[PDB]
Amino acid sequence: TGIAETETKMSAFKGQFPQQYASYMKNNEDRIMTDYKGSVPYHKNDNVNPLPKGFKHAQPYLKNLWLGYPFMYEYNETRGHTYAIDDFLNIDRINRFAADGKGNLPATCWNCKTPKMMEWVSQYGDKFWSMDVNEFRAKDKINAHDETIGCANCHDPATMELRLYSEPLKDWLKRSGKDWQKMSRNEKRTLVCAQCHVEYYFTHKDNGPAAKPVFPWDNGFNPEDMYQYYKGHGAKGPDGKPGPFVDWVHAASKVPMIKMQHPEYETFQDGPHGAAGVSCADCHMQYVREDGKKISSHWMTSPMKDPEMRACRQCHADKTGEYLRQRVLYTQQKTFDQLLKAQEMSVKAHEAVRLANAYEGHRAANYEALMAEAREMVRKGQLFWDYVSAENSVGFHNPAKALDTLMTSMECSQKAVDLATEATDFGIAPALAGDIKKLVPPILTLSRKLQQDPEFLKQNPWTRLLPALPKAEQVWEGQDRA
């Protein structure tokens, strides 16, 4: 093709690739829900209101578990790639109420949202990352419709060969001694998704260019590996050694936490399909026959939307769609039910540490050592459930790891409850005895605008721990500065 190697416009590909383009346009369907997933952007913590506000399979405790982090404001089920920027610009996680108009998040937040990344990294280099996210938000900076996730994110425009635009994934391949050119078509059919559907973190300024994205894979891809990995890479001590990494300090328990984000690749690669050489594209980009021929479907969505499960039957030819669906649900039902329980246990763990920190009664002689261990268990337990929760398959990508991970999560949280309780000489035991939902009610609603209202914050024991934000008018709506 004659399309520019750096083309950011999806529309530039339509004329020469009408079939793949029209298929990619189906990502605009945001009306169908499946049993646990789907394309309606409901609030992931809302199991009270019906669709599309909430959902029967929402996670009630999310806001509590992320108290003090932007995810306490908004976090929704995902839509197709065509809406990435729209959703990016609607999310309350990015500050829209600051006078200077700053989002209070790094420009790195654009990293997995647009092909424009190539041009921005070319222009700004290492310095792009820590610029404010909202410095690239106006209509003259990005076209939400045409420059959202598109063809140039996975294809070399000139040859249409599979190509990585991703700096952090390229960093990883470089670090691990891998080489794109020597990789199989098969491996590439997974790696293009691994540019974005992974857990990541923002570089601390003591260790490299501020906010440069990193995939924390050096210790391995499992939750335990990541937990071990995150014992380093944080801020340096007066003595220069990087301490443990910290995404935020929980506003209730004051525990230094790690946030997990969509670890699809890490979860799937050692699962029953991933370990066998099956690629993301095999299930999510099935060959389909449309208008005279066989194309790679570019509708990247839930395979459960198709009652016949065609995308599975090129390998599971002897199975009916219903059978395959039931085997998916066989795992998801179990994973979802246990996840909710690991989440309650995590909340109780946070509450135990919070109660112990506030405990005025006589303490155990080894109080400080007990609390230090309790905090670490809160952090570890949460990293583990989040690793499963944040992952979009609800256990199907890797059933055994999901369930094993949830079980370890709960064990860690329970250990935090036990240690913190012992630290107070069991003074806080009675309180921790009830329904955790009574002591720490799930936070259904919480937004940047609401956090401006003291009388709102008082309505829940945990929101009560947040500071009131300055009374302020909304300054950004979508791409309009106001």
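Just count from 1 along the sequence shown to find any residue number.
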Between the two ranges 201 to 209 and 177 to 185, the one averaging a larger CA B factor in the entry: 177 to 185
Higher-B stretch (mean Cα B-factor, as the entry records it), 307 to 315 or 347 to 355: 307 to 315
Peak C-alpha temperature factor (PDB record), options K37, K63, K44, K438: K438
Member of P256, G271, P168, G240 with the greatest C-alpha B factor (per the PDB record): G240
Entry-reported Cα temperature factor of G434, expressed as the chain third it lands in: highest
Chain-wide C-alpha B factor ranking for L450, given as lowest, middle or highest third: highest
Modelled-residue ranking by C-alpha temperature factor, third containing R79: lowest
Entry-reported Cα temperature factor of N95, expressed as the chain third it lands in: middle
Lowest, middle or highest third - CA B-factor, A251: lowest
